[PDB]
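Protein chains in written order, with the entry's author numbering: chain C, 1 to 13, 15 to 17, 19 to 30; chain B, 1 to 13, 15 to 17, 19 to 30; chain A, 1 to 13, 15 to 17, 19 to 30.
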């Protein structure tokens, strides 16, 4: 007969966008 | 006799969140 | 004699880090 199923493959490899700009500073 | 184990499977498929809002700007 | 190779293994299991903080905001 054929052998049994092979091993599971390796795990998939995710990269790190910048956050939104901050708010304006306090009112003058 | 039974054949050998099959070959390893393929690698799994990782997605890239945006960071948090930046700091407030300087006082007006 | 020895049988055929077993079936290929299944696909492996990738994980999704958050980006850096955004840029400073504009002048107030």
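The beta carbon of each residue, even a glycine, is placed where N, CA and C say it ideally should be.
Distance, Cα to Cα, residue 15 of chain C vs residue 21 of chain A?
As a first step, residue 15 of chain C must be located in the first chain, where it is residue number 14. As a first step, residue 21 of chain A must be located in the third chain, where it is residue number 19. Residue 15 of chain C and residue 21 of chain A: Cα-Cα distance of roughly 12 Å.
With a Cβ-Cβ cutoff of 8 Å, do residue 10 of chain A and residue 3 of chain B count as a contact?
For the purposes of this step, residue 10 of chain A is identified with residue 10 of the third chain, where counting begins at 1. For the purposes of this step, residue 3 of chain B is identified with residue 3 of the second chain, where counting begins at 1. No, the Cβ-Cβ distance between residue 10 of chain A and residue 3 of chain B is not below 8 Å.
Closer than 7 Å by beta-carbon distance: list the chain C residues that pair up with residue 23 of chain A, in chain order.
To locate residue 23 of chain A, count along the third chain from 1; it is residue 21. By Cβ distance, chain C contributes 21.
Can you pull the chain C neighbours of residue 4 of chain A, defined as C-beta to C-beta under 9 Å?
The count along the third chain starts at 1 and reaches residue 4 of chain A at position 4. Neighbours of residue 4 of chain A on chain C, chain order: 1, 2, 3.
Distance between residue 25 of chain A and residue 19 of chain B (C-alpha atoms, nearest Å)
Numbered from 1 along the second chain, position 17 holds the residue referred to as residue 19 of chain B. Numbered from 1 along the third chain, position 23 holds the residue referred to as residue 25 of chain A. In a straight line, the C-alpha of residue 19 of chain B is about 16 Å away from that of residue 25 of chain A.
Measure the alpha-carbon distance for residue 28 of chain A versus residue 8 of chain C and round it to whole angstroms.
Taking the third chain and counting its residues from 1, one reaches residue 28 of chain A at position 26. Taking the first chain and counting its residues from 1, one reaches residue 8 of chain C at position 8. Answer to the nearest angstrom: the Cα atoms are 52 Å apart.
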